[PDB]
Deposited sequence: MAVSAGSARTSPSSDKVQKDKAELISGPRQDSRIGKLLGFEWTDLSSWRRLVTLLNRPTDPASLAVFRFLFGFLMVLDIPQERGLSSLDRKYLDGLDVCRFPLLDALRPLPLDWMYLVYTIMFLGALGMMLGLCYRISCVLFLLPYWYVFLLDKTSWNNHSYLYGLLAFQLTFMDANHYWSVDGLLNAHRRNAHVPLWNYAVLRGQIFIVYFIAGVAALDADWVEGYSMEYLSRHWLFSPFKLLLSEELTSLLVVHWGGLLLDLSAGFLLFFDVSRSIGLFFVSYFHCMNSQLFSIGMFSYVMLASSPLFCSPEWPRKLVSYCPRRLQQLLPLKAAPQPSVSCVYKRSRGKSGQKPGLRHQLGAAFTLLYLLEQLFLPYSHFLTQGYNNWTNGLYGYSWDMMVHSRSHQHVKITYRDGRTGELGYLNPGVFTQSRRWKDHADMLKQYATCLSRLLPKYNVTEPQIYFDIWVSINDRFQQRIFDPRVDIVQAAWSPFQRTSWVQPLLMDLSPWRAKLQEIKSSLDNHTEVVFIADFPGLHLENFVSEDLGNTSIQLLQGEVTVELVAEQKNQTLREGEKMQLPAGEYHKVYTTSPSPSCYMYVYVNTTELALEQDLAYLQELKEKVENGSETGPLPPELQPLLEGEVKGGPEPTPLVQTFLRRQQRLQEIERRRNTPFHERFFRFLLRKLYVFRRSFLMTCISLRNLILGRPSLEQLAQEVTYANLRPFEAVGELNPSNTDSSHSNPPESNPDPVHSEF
């Protein structure tokens, strides 16, 4: 049948449950699954010391340290540092066992459990490829991936070159397709289609060939955005059908190769490159080995035909294993389809985008820019007001965009402050954000005490400020204004809600600062002089430097205004140094203090940059390998120290200091 040759099965196989179970357990070649298993294990082994964070465990989980942490469940706590090193050691052993094929299921579990424990301990570390690694480990735990090229085959005769069920390939192919397609659909946002996300990514030197026929704006609009959307929406279909798999392979390989250099996403691109051949014939590695020299073949996996296996169903009544496998392949894929669109039961995790970041396949769609953050507290007994340094007890900045993390941060601060003689504190937050070059605006209500504010996982947060999407059309005029400025001038665009005010201290350096109204009506107050003046559309006002001024929004709708300022101090210093250098140069040519230190420092930095630029490519690559070598060696030595402490016991303090000094030594 045409459908038989085009889809690999027939409508008759879906007639009944027994036929479906029989089809899903059809004997298949295990070679491609084995190659993917090896590559995935190898990449996990490489990734553990670098992005999973094994080389900074001592810094992250230092004992006796005051830190505010962001776990998914508030009752989840980390272990002491030595037990953290033990957990990471078990994870590494599991990854190695998965890569080798030795004790496949136990190794899968040993990688899986620690990985998800570490993943769920920190919400601020979630991204898409870590979630994908967890998903891949979970899938492979139930598969027969150790049936072709593995130590288990040498140890057991029944698992050497044996058939595998077809749902093993079906689930992996479905997962890859889901990744691609959900990313493509998420790329249908207006900001993406209009070219607002990654508007400056086309300046990279890799895009040089395209610029021979297109302008920079046209390149960014067409190639980056539209080509990315098209690849996402068509890659799965291109790879599935075998009349178009060559073009699909070429395009996907080029895409991932470019992405591996444009961004820093760890092993994501390499994992996708390794997953691409999963759509090819299941026996492709065996065919490749077929064309190898006889002497070489003695070092390569078997090339004969696979033997029958109990896993598959042959042209018998299916048993429990086959029915469980079919049920898994159905339910898991259905859940994977549903989850990225489930942000209507968990209403407490939506602020401006949907949900927590990491399980929706929306990569590089939204870009944020923060202008200012303020934290205020009031003593519960004395009543005095104070201000905290933003991010005082935190190791990440992701708390600024999520209400659950802000609630956790406020609780941590309220518990920690009493040890500095601040009793029953009330804490207020004031954060200004801009997403995809919009007006800067508040994201949380600045008059709400977050310590006592109400938060629930399944209820929409009350104290989140709505995003002002009616002001999006202003972006063109904003960009025009910004591009019309002089090279020593800067501008900030702000939009404020009715009934709110902005209190601003202008630094003494920022001489010649002014404010102009764009929409609505605002009242500007000079705090020192106690004077009120009202502005109208297009009216500008000069502001004093080194004083306070307040902007009240009295319009019934949000107002828009911009700040234009010049750094008077920097300009004067620059001019003086320039004249000094010119005079010295003229004296040296033949004609004719902190400033001298600044001039010499500038020259010193410039000289270093010149040498940095003029560096042989080989030298740079050599340094790259040495840096990577250091990272790995330090991780290994620290793990050894912690394991020894766990087993034998803690040695003398001087011994520990010497051991740490040895571990911290640079390579070669």
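**Q** Can you give me the gaps, meaning deposited-sequence stretches with no C-alpha coordinates, in sequence order?
**A** Going by the record, the segments left unmodelled (no C-alpha atoms) fall at 1 to 31, 347 to 353, 631 to 652, 729 to 758.
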